[PDB]
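Okay, so here's the structure we're looking at.
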Number of protein chains: 2
Amino acid sequence: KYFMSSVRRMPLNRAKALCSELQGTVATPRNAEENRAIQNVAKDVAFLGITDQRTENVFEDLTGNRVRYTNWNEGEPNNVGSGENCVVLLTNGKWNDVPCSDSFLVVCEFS
Amino acid sequence: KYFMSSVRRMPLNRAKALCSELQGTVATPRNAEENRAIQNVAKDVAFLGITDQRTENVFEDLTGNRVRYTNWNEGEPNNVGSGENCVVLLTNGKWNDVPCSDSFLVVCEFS
Ligand SMILES: OC[C@H]1O[C@H](O)[C@@H](O)[C@@H](O)[C@@H]1O
Ligand SMILES: OC[C@H]1O[C@H](O)[C@@H](O)[C@@H](O)[C@@H]1O
Ligand SMILES: [Ca+2]
Ligand SMILES: [Ca+2]
Ligand SMILES: [Ca+2]
Ligand SMILES: [Ca+2]
């Protein structure tokens with residue numbers, strides 16, 4: 001598993017398209033080791049390939065698989081405002097749910 | 001080095017922008033092993049990070065470094081017509097010089 005970070009920020013839709021353009025996907029950490037590896041390649045807050053768009057508070061990867069390992073920031077996920085269904089990795093390595101329409105860096109995953 | 005191929009076709013400047021978006025570069029094989037590795041990921045004709053834009057018939061990688069290893073297809077490079085200053089990897093692994101404004105898949109290189 002190889003991880004690469006984007007340089008510019010963009011909404012999840014464009015982020016997914018970017019990783020997919022090179023036949024990869026948006027990074028989804030499966031354990032603390034991968035979480036750290038992704039954190040290190042990202043120089044700022046970045047999207048992860050996790051969302052609860054299909055069912056609220058049910059987080060799954062971009063292929064529909066529910067995630068087991070999670071690393072939520074204290075107080076998260078809180079689905080604030082009109083809703084937050086996407087997930088970003090903070091620069092401390094913890095996760096925060098955010099609006100999928102907002103712009104952040106993206107870390108892509110390749111195998 | 002890790003090599004990944006794009007899904008869509010685009011001209012060289014767009015190809016460079018794509019690879020650089022993930023902090024990579026357009027694949028430049030330095031030997032036959034890497035050439036075959038790029039072959040493994042390219043399902044169709046793809047751009048390589050090589051051009052003779054500075055001086056005709058003097059090929060350099062995208063950072064202006066003159067390359068040594070080459071794997072030109074028989075009869076190439078021939079700089080046909082108004083000029084061919086970019087390079088693509090044919091599906092047989094050999095190279096052809098083409099117009100930088102023409103569209104092809106791109107193979108990006110990461111380390
Ligand atoms: O205070 C935490 C809160 O801050 C902002 O409102 C957003 O980043 C939310 O996603 C987050 O939950
Ligand atoms: O037949 C060889 C010739 O075919 C086409 O004209 C182009 O692909 C050229 O770049 C190539 O040299
Ligand atoms: Ca939500
Ligand atoms: Ca939140
Ligand atoms: Ca030329
Ligand atoms: Ca040619």
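Residue numbers start at 1 in each chain; chains themselves are named A, B, ... in the order of the structure tokens; ligands are numbered from 1 in the order shown.
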Nearby residues (only C-alpha atoms) at most 6 Å from residue 96 in chain B, same-chain spacing under 2 positions excluded, as an MDAnalysis selection string
chainID B and resid 76 87:88
Output file for the selection above: N, CA and C atoms, as a PDB file, in the first residue's frame:
```pdb
ATOM      1  N   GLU B  76      12.733   5.467 -35.274  1.00  0.00           N
ATOM      2  CA  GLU B  76      12.542   6.603 -34.379  1.00  0.00           C
ATOM      3  C   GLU B  76      13.867   6.942 -33.706  1.00  0.00           C
ATOM      4  N   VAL B  87       7.870  12.204 -26.016  1.00  0.00           N
ATOM      5  CA  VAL B  87       8.099  10.776 -26.170  1.00  0.00           C
ATOM      6  C   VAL B  87       7.021   9.909 -25.537  1.00  0.00           C
ATOM      7  N   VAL B  88       6.641   8.844 -26.236  1.00  0.00           N
ATOM      8  CA  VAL B  88       5.649   7.916 -25.716  1.00  0.00           C
ATOM      9  C   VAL B  88       6.190   6.500 -25.764  1.00  0.00           C
TER      10      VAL B  88
END
```
For ligand 2, list the contacting residues at 12 Å or closer, counting only C-alpha atoms and all ligand atoms, as an NGL selection string.
:B and (45 or 72-90 or 94-100 or 102-104)
Can you spit out the residues from that selection as a short mmCIF file (atom, residue, chain, number, x, y, z; two decimals), in the first residue's frame, using N, CA, C and O atoms?
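Result file follows (out.cif):
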```
data_model
loop_
_atom_site.label_atom_id
_atom_site.label_comp_id
_atom_site.auth_asym_id
_atom_site.auth_seq_id
_atom_site.Cartn_x
_atom_site.Cartn_y
_atom_site.Cartn_z
N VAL B 45 -0.60 3.26 -25.52
CA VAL B 45 0.49 4.21 -25.70
C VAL B 45 0.46 5.29 -24.60
O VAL B 45 -0.57 5.94 -24.39
N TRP B 72 14.24 3.38 -28.45
CA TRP B 72 13.54 3.83 -29.65
C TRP B 72 13.06 2.71 -30.55
O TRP B 72 13.77 1.72 -30.78
N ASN B 73 11.85 2.88 -31.07
CA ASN B 73 11.24 1.92 -31.99
C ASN B 73 12.05 2.09 -33.27
O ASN B 73 12.60 3.16 -33.52
N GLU B 74 12.13 1.04 -34.08
CA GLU B 74 12.87 1.14 -35.34
C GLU B 74 12.36 2.33 -36.15
O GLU B 74 11.15 2.49 -36.33
N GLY B 75 13.29 3.17 -36.61
CA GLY B 75 12.91 4.33 -37.41
C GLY B 75 12.69 5.60 -36.60
O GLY B 75 12.49 6.67 -37.16
N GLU B 76 12.73 5.47 -35.27
CA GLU B 76 12.54 6.60 -34.38
C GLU B 76 13.87 6.94 -33.71
O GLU B 76 14.73 6.08 -33.55
N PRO B 77 14.04 8.21 -33.29
CA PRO B 77 13.08 9.30 -33.44
C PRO B 77 13.20 9.90 -34.83
O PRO B 77 14.30 9.99 -35.36
N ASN B 78 12.08 10.31 -35.42
CA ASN B 78 12.12 10.88 -36.76
C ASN B 78 11.60 12.32 -36.90
O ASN B 78 11.58 12.86 -38.01
N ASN B 79 11.19 12.92 -35.79
CA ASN B 79 10.71 14.31 -35.78
C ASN B 79 9.83 14.64 -36.99
O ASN B 79 10.08 15.61 -37.70
N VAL B 80 8.78 13.85 -37.21
CA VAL B 80 7.90 14.06 -38.37
C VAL B 80 7.17 15.40 -38.41
O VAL B 80 6.77 15.95 -37.38
N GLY B 81 7.02 15.91 -39.63
CA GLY B 81 6.31 17.16 -39.87
C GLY B 81 6.77 18.39 -39.13
O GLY B 81 7.97 18.66 -39.02
N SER B 82 5.80 19.15 -38.62
CA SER B 82 6.09 20.38 -37.89
C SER B 82 6.89 20.10 -36.62
O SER B 82 7.26 21.02 -35.90
N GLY B 83 7.16 18.82 -36.35
CA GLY B 83 7.96 18.50 -35.18
C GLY B 83 7.35 17.59 -34.13
O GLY B 83 6.16 17.66 -33.82
N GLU B 84 8.18 16.72 -33.58
CA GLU B 84 7.76 15.80 -32.54
C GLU B 84 8.84 15.91 -31.48
O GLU B 84 9.96 15.44 -31.67
N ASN B 85 8.51 16.54 -30.36
CA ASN B 85 9.50 16.74 -29.32
C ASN B 85 9.21 16.05 -27.99
O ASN B 85 9.94 16.23 -27.01
N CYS B 86 8.14 15.26 -27.96
CA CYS B 86 7.80 14.52 -26.76
C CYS B 86 7.97 13.03 -27.05
O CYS B 86 8.19 12.64 -28.20
N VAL B 87 7.87 12.20 -26.02
CA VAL B 87 8.10 10.78 -26.17
C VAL B 87 7.02 9.91 -25.54
O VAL B 87 6.54 10.20 -24.44
N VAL B 88 6.64 8.84 -26.24
CA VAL B 88 5.65 7.92 -25.72
C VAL B 88 6.19 6.50 -25.76
O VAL B 88 7.06 6.18 -26.57
N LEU B 89 5.67 5.67 -24.88
CA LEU B 89 6.03 4.27 -24.81
C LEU B 89 4.94 3.55 -25.59
O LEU B 89 3.76 3.61 -25.22
N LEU B 90 5.33 2.90 -26.68
CA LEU B 90 4.40 2.14 -27.51
C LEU B 90 4.00 0.88 -26.75
O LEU B 90 4.62 0.52 -25.75
N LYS B 94 8.74 -0.20 -26.99
CA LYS B 94 9.67 0.68 -27.68
C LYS B 94 9.14 2.12 -27.65
O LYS B 94 7.97 2.34 -27.38
N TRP B 95 10.01 3.09 -27.94
CA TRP B 95 9.59 4.48 -27.90
C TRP B 95 9.39 5.14 -29.25
O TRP B 95 9.99 4.75 -30.24
N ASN B 96 8.55 6.17 -29.27
CA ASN B 96 8.29 6.96 -30.48
C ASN B 96 8.24 8.43 -30.07
O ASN B 96 7.73 8.75 -29.01
N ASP B 97 8.82 9.31 -30.88
CA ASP B 97 8.72 10.72 -30.55
C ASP B 97 7.41 11.21 -31.18
O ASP B 97 7.07 10.82 -32.31
N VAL B 98 6.67 12.02 -30.44
CA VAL B 98 5.38 12.53 -30.91
C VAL B 98 5.21 14.00 -30.57
O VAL B 98 6.02 14.57 -29.85
N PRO B 99 4.16 14.64 -31.11
CA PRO B 99 3.94 16.06 -30.81
C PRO B 99 3.52 16.18 -29.34
O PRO B 99 2.67 15.42 -28.86
N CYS B 100 4.10 17.14 -28.63
CA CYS B 100 3.75 17.33 -27.23
C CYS B 100 2.30 17.76 -27.07
O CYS B 100 1.72 17.61 -26.00
N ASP B 102 -0.20 16.40 -28.70
CA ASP B 102 -1.08 15.26 -28.93
C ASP B 102 -1.42 14.58 -27.60
O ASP B 102 -0.66 14.69 -26.63
N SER B 103 -2.55 13.89 -27.55
CA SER B 103 -2.98 13.25 -26.31
C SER B 103 -2.69 11.76 -26.21
O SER B 103 -2.90 11.01 -27.17
N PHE B 104 -2.21 11.35 -25.04
CA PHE B 104 -1.89 9.95 -24.75
C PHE B 104 -2.10 9.72 -23.26
O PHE B 104 -2.29 10.68 -22.49
#
```
Each chain A residue no farther than 12 Å from chain B, nearest pair in Å, only C-alpha atoms, as a tab-separated table:
```
residue	atom	partner	partner_atom	distance
A:1	CA	B:2	CA	10.7
A:2	CA	B:2	CA	8.5
A:3	CA	B:22	CA	9.6
A:4	CA	B:22	CA	5.9
A:5	CA	B:22	CA	5.5
A:6	CA	B:22	CA	4.5
A:7	CA	B:21	CA	5.9
A:8	CA	B:21	CA	7.4
A:9	CA	B:21	CA	10.4
A:10	CA	B:21	CA	11.6
A:15	CA	B:21	CA	10.9
A:17	CA	B:7	CA	10.7
A:18	CA	B:18	CA	8.4
A:19	CA	B:22	CA	8.8
A:20	CA	B:7	CA	8.1
A:21	CA	B:6	CA	5.4
A:22	CA	B:6	CA	4.5
A:23	CA	B:6	CA	6.8
A:24	CA	B:4	CA	8.7
A:41	CA	B:23	CA	10.4
A:42	CA	B:22	CA	10.8
A:105	CA	B:22	CA	10.3
A:106	CA	B:22	CA	9.0
A:107	CA	B:22	CA	8.4
A:108	CA	B:22	CA	8.2
A:109	CA	B:22	CA	10.9
A:110	CA	B:4	CA	8.6
A:111	CA	B:2	CA	9.6
```
List the spatial neighbours of residue 60 in chain B as a PDB file with N, CA and C atoms, in the first residue's frame - criterion: any atom at most 8 Å away, only C-alpha atoms, same-chain residues fewer than 5 positions off excluded.
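Result written to result-v6.pdb:
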```
ATOM      1  N   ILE B  50      10.244  12.642 -21.117  1.00  0.00           N
ATOM      2  CA  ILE B  50      11.425  12.915 -21.934  1.00  0.00           C
ATOM      3  C   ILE B  50      11.045  13.816 -23.104  1.00  0.00           C
ATOM      4  N   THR B  51      11.900  14.785 -23.426  1.00  0.00           N
ATOM      5  CA  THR B  51      11.636  15.666 -24.558  1.00  0.00           C
ATOM      6  C   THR B  51      12.946  16.178 -25.133  1.00  0.00           C
ATOM      7  N   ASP B  52      12.893  16.653 -26.373  1.00  0.00           N
ATOM      8  CA  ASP B  52      14.072  17.245 -26.989  1.00  0.00           C
ATOM      9  C   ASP B  52      13.674  18.665 -27.391  1.00  0.00           C
ATOM     10  N   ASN B  65      17.702  17.066 -17.522  1.00  0.00           N
ATOM     11  CA  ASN B  65      18.847  16.185 -17.383  1.00  0.00           C
ATOM     12  C   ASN B  65      18.902  15.270 -18.606  1.00  0.00           C
ATOM     13  N   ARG B  66      20.005  15.318 -19.345  1.00  0.00           N
ATOM     14  CA  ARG B  66      20.145  14.486 -20.536  1.00  0.00           C
ATOM     15  C   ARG B  66      20.085  12.998 -20.173  1.00  0.00           C
ATOM     16  N   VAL B  67      19.185  12.261 -20.820  1.00  0.00           N
ATOM     17  CA  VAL B  67      19.047  10.833 -20.531  1.00  0.00           C
ATOM     18  C   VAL B  67      20.116  10.019 -21.241  1.00  0.00           C
TER      19      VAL B  67
END
```
Contact residues around residue 16 in chain B with only C-alpha atoms at 8 Å, ignoring same-chain residues under 4 positions, as a PyMOL selection string
chain B and resi 12+20+25-26
Just list as a ChimeraX atom specification whatever in range 18-100 of chain B DSSP marks as helix (DSSP H, G or I).
/B:18-21,32-41
Please return as a PyMOL selection string: the residues of range 7-111 of chain B that backbone DSSP assigns to strand (DSSP E or B).
chain B and resi 10+25-26+46-55+58-61+66+72+86-89+95-98+104-110
Selection from above, N, CA and C atoms, as a short mmCIF file (atom, residue, chain, number, x, y, z; two decimals), in the first residue's frame, can you write it?
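Heads up, here's the output in out19.cif:
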```
data_model
loop_
_atom_site.label_atom_id
_atom_site.label_comp_id
_atom_site.auth_asym_id
_atom_site.auth_seq_id
_atom_site.Cartn_x
_atom_site.Cartn_y
_atom_site.Cartn_z
N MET B 10 -4.33 12.81 -22.47
CA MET B 10 -4.14 14.26 -22.37
C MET B 10 -2.77 14.63 -22.93
N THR B 25 6.21 12.56 -10.78
CA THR B 25 6.73 13.11 -12.04
C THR B 25 6.30 12.17 -13.16
N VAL B 26 6.44 12.61 -14.40
CA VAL B 26 6.08 11.75 -15.52
C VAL B 26 7.20 10.71 -15.63
N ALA B 46 1.59 5.48 -23.92
CA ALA B 46 1.68 6.47 -22.83
C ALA B 46 2.93 7.36 -22.88
N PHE B 47 2.76 8.60 -22.44
CA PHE B 47 3.86 9.58 -22.38
C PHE B 47 4.91 9.18 -21.36
N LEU B 48 6.16 9.54 -21.65
CA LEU B 48 7.30 9.34 -20.76
C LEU B 48 7.82 10.76 -20.50
N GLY B 49 8.52 10.96 -19.39
CA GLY B 49 9.02 12.29 -19.06
C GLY B 49 10.31 12.61 -19.79
N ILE B 50 10.24 12.64 -21.12
CA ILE B 50 11.43 12.91 -21.93
C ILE B 50 11.05 13.82 -23.10
N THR B 51 11.90 14.79 -23.43
CA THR B 51 11.64 15.67 -24.56
C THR B 51 12.95 16.18 -25.13
N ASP B 52 12.89 16.65 -26.37
CA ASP B 52 14.07 17.25 -26.99
C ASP B 52 13.67 18.67 -27.39
N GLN B 53 12.93 19.31 -26.49
CA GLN B 53 12.46 20.67 -26.70
C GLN B 53 13.57 21.71 -26.67
N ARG B 54 14.60 21.50 -25.85
CA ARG B 54 15.71 22.46 -25.77
C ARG B 54 16.52 22.47 -27.06
N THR B 55 16.98 21.30 -27.48
CA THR B 55 17.75 21.17 -28.71
C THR B 55 17.28 19.92 -29.42
N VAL B 58 18.34 15.96 -28.90
CA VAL B 58 19.09 15.85 -27.65
C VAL B 58 17.97 15.63 -26.64
N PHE B 59 17.80 14.40 -26.17
CA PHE B 59 16.71 14.15 -25.23
C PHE B 59 17.07 14.25 -23.77
N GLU B 60 16.23 14.98 -23.03
CA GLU B 60 16.41 15.21 -21.60
C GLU B 60 15.14 14.83 -20.85
N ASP B 61 15.27 14.55 -19.55
CA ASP B 61 14.09 14.24 -18.76
C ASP B 61 13.45 15.60 -18.48
N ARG B 66 20.01 15.32 -19.35
CA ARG B 66 20.14 14.49 -20.54
C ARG B 66 20.08 13.00 -20.17
N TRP B 72 14.24 3.38 -28.45
CA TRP B 72 13.54 3.83 -29.65
C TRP B 72 13.06 2.71 -30.55
N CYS B 86 8.14 15.26 -27.96
CA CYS B 86 7.80 14.52 -26.76
C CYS B 86 7.97 13.03 -27.05
N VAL B 87 7.87 12.20 -26.02
CA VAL B 87 8.10 10.78 -26.17
C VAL B 87 7.02 9.91 -25.54
N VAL B 88 6.64 8.84 -26.24
CA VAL B 88 5.65 7.92 -25.72
C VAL B 88 6.19 6.50 -25.76
N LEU B 89 5.67 5.67 -24.88
CA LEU B 89 6.03 4.27 -24.81
C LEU B 89 4.94 3.55 -25.59
N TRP B 95 10.01 3.09 -27.94
CA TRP B 95 9.59 4.48 -27.90
C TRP B 95 9.39 5.14 -29.25
N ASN B 96 8.55 6.17 -29.27
CA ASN B 96 8.29 6.96 -30.48
C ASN B 96 8.24 8.43 -30.07
N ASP B 97 8.82 9.31 -30.88
CA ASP B 97 8.72 10.72 -30.55
C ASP B 97 7.41 11.21 -31.18
N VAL B 98 6.67 12.02 -30.44
CA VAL B 98 5.38 12.53 -30.91
C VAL B 98 5.21 14.00 -30.57
N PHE B 104 -2.21 11.35 -25.04
CA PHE B 104 -1.89 9.95 -24.75
C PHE B 104 -2.10 9.72 -23.26
N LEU B 105 -2.08 8.46 -22.84
CA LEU B 105 -2.19 8.17 -21.42
C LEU B 105 -0.87 8.67 -20.84
N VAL B 106 -0.79 8.73 -19.52
CA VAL B 106 0.46 9.14 -18.89
C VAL B 106 0.75 8.15 -17.78
N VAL B 107 2.03 7.85 -17.59
CA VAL B 107 2.42 6.98 -16.51
C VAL B 107 3.18 7.93 -15.59
N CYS B 108 2.78 7.97 -14.33
CA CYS B 108 3.43 8.83 -13.35
C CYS B 108 4.40 7.98 -12.54
N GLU B 109 5.46 8.62 -12.06
CA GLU B 109 6.49 7.97 -11.28
C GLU B 109 6.55 8.57 -9.88
N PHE B 110 6.65 7.71 -8.87
CA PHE B 110 6.73 8.15 -7.47
C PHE B 110 7.83 7.33 -6.79
#
```
Rounded to one decimal, what separation in Å do you get between CA of residue 13 in chain B and CA of residue 43 in chain B?
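Atom-to-atom, CA of residue 13 in chain B to CA of residue 43 in chain B, that is 20.7 Å.
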Atom 1 (Ca, counted along the ligand's line) of ligand 5 and CA of residue 91 in chain B, how far apart in Å?
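For CA of residue 91 in chain B relative to atom 1 (Ca, counted along the ligand's line) of ligand 5, the distance reads 20.7 Å.
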Near residue 33 in chain A, counting only C-alpha atoms, which residues have an atom at most 12 Å away, once you skip same-chain residues fewer than 5 positions from it, shown as a list in words?
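Within the cut-off, the hits are residues 1, 28, 38, 39, 40, 69, 71 and 93 of chain A.
Ranking B:35, B:56, B:27, B:11 by their shortest atom-to-atom distance to ligand 5, with only C-alpha atoms and all ligand atoms included, puts B:56 first.
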Separation of CA of residue 70 in chain A from atom 10 (O, counted along the ligand's line) of ligand 1 in Å
15.8 Å
